[PDB]
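Read the single chain below, which is given as structure tokens and is the form deposited in one PDB entry.
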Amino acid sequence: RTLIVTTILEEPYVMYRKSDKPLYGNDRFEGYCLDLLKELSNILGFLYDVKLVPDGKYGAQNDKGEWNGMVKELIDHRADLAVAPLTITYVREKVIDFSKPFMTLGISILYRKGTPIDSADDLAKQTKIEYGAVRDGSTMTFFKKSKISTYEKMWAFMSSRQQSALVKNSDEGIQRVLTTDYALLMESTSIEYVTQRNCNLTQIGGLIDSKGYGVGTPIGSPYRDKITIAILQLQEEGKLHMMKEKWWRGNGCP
């Protein structure tokens, strides 16, 4: 039987294709994650229907300890796989089963070019430049949970003033960086995509942590280990590298 794949629109992972007529079904979508799913299908031999997660969230826990987003779809067995830039984290791995990573990344800083700011510590030791993250994403959670002094200082700042420094989504964060004196704490692979397309933006510093994106499955799924082996095949043959090059390349920035 056909697997249900939960996902979420996020450039360049999953995007609506451009067409002069209304689109239906899997034909609605293109992107790195659709290519990955096509290759995982080619290897494992399953059919699949792609379904956008109905609440438009990745997966976080609230105050009752209730999950939402793609994580919840898997928990409830309303999806077989989640194929998205879903960060592999301690809290999520307790509740679902991720494949080994198809991409490796870290938190870093998106800001304007031409400034003297060079690191997270440069941000933390000042208050003039505002900085934040996407509310309730894994980057925000990293800062909330950190016991490293610099990151504690940064969390105090972000969470201050009813979290006015946080943004609802990455596009809001990018526009805030482009318009105002603001730096966004963002996953490095998204920074790479953005800076290839807006030439006034740059990554500040290196990666402050290390983590991966993996395919999510419900706990106990037999697909998890089969997908890990397929991912390793695609990596070792250079296919993942080719797919990243295809979707990230921008041709307009120095």
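One-based numbering along the sequence shown.
Q: Would you determine, from the values in the PDB entry, which of 189 to 197 and 54 to 62 has the greater average C-alpha temperature factor?
A: Stretch with the greater average CA B-factor: 54 to 62.
Q: Return whichever of 244 to 252 and 4 to 12 has the greater mean Cα B factor according to the PDB record.
A: Per the deposited B-factors, the answer is 244 to 252.
Q. Say you rank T87, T139, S159, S99 by Cα B-factor from the PDB entry; which sits at the top?
A. In the PDB entry, the greatest C-alpha B-factor among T87, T139, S159, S99 is found at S159.
Q | Residue of maximum C-alpha B factor among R176, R135, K72, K145, per deposited coordinates | A | Max CA B-factor in the entry, restricted to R176, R135, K72, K145: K145.
Q: Place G31 in the lowest, middle or highest third of its chain's C-alpha B-factors, as listed in the PDB entry.
A: As the PDB entry reports it, the C-alpha B-factor of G31 lands in the middle third of its chain.
Q. With respect to C-alpha B-factor, does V215 fall in the lowest, middle or highest third of the chain as deposited?
A. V215: CA B-factor falls in the lowest third of its chain.
Q.
Quick check on the deposited entry: does the C-alpha B-factor of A183 sit in the lowest, middle or highest third of its chain?
A. It belongs to the lowest third of the chain when residues are ordered by C-alpha B-factor.
Q: Place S108 in the lowest, middle or highest third of its chain's C-alpha B-factors, as listed in the PDB entry.
A: Its C-alpha B-factor belongs to the lowest third of this chain's values.
**Q.** Ranked against its chain, the third holding the CA B-factor of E236
**A.** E236: CA B-factor falls in the lowest third of its chain.
The same protein has a further form, the form deposited in another entry, not shown here; the description that follows concerns it.
Q: Pick out which of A156, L234, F46, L105 lies at the hinge where one rigid part swings against the other between the shown form and the other one.
A: Between the rigid parts, the switch point is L105.
Q: Can you tell whether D209 sits closer to or farther from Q162 in the other form than it does here, judged by CA atoms, where the change is 3 Å or more?
A: It is closer: in the other form, the C-alpha atoms of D209 and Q162 lie at least 3 Å nearer than they do here.
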